[PDB]
Every structure is written in C-alpha cells, then in structure tokens.
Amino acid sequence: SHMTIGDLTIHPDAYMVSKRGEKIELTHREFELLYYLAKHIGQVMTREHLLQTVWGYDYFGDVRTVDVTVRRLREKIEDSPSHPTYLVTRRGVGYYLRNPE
C-alpha cells in the first residue's frame, strides 16, 4: 500500500517512511508497527494486541517492547517526539496513528 497520513508517506518498497521530502530508515519492527497502525488508522491498539500481531505469540506480556518501539518510532517520525501528534497514546489503553493535519 502507498499511503499518506498527513505529512507521512508510506511506500511498499523499503523499511522507511518519508516526511516532507526526507526519507527516514526504520527497523523491521518499527516499520511493521507503523504500517500496522496505518492500516488501523485512528483505531486504538492495546500493547498485547500489538505484541501478538507484530511480534507475536512468544512476546505476550513484553509490553515494554511495544513502548520502547513506539518511543523509537516517535524519535524518528515526530516533529517533537516529546509531544507526539501522529503516534498518540490513549492513556491506559494503547496506541493509535492519526493524521494531525
């Protein structure tokens, strides 16, 4: 899928995302997580659901793994990672991707 989510552009060719003409390399997991959240745009995904889908079965309960990967994704894709607007936390529930523009 070629997709845009505000200033982010996903192409299917590579483990990366593009943002306003800049290409940003992602790890396999970072990409899989981002793409998965993109498919489920604006849907809140719990950490256990993300673990099972992106990781999966043997990783159940490794919720920190999701949190650290989210943090890394934010560090790569957000204008200001400490104030995310694309990859947002629904407190106590999970994570979602949105178009903030």
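A residue's number is simply how far along the shown sequence it sits, counting from 1.
The deposited model assigns a higher average Cα B-factor to 76-84 than to the other stretch when 14-22 and 76-84 are compared. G56: CA B factor in the highest third of modelled residues in this chain (values from the PDB entry). Compared with the other modelled residues of the chain, the Cα B-factor recorded for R64 ranks in the middle third. The deposited CA B-factor of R29 belongs to the highest third of values across its chain.
Among the modelled residues of its chain, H40 has a C-alpha B-factor that falls in the middle third, as given in the PDB entry.
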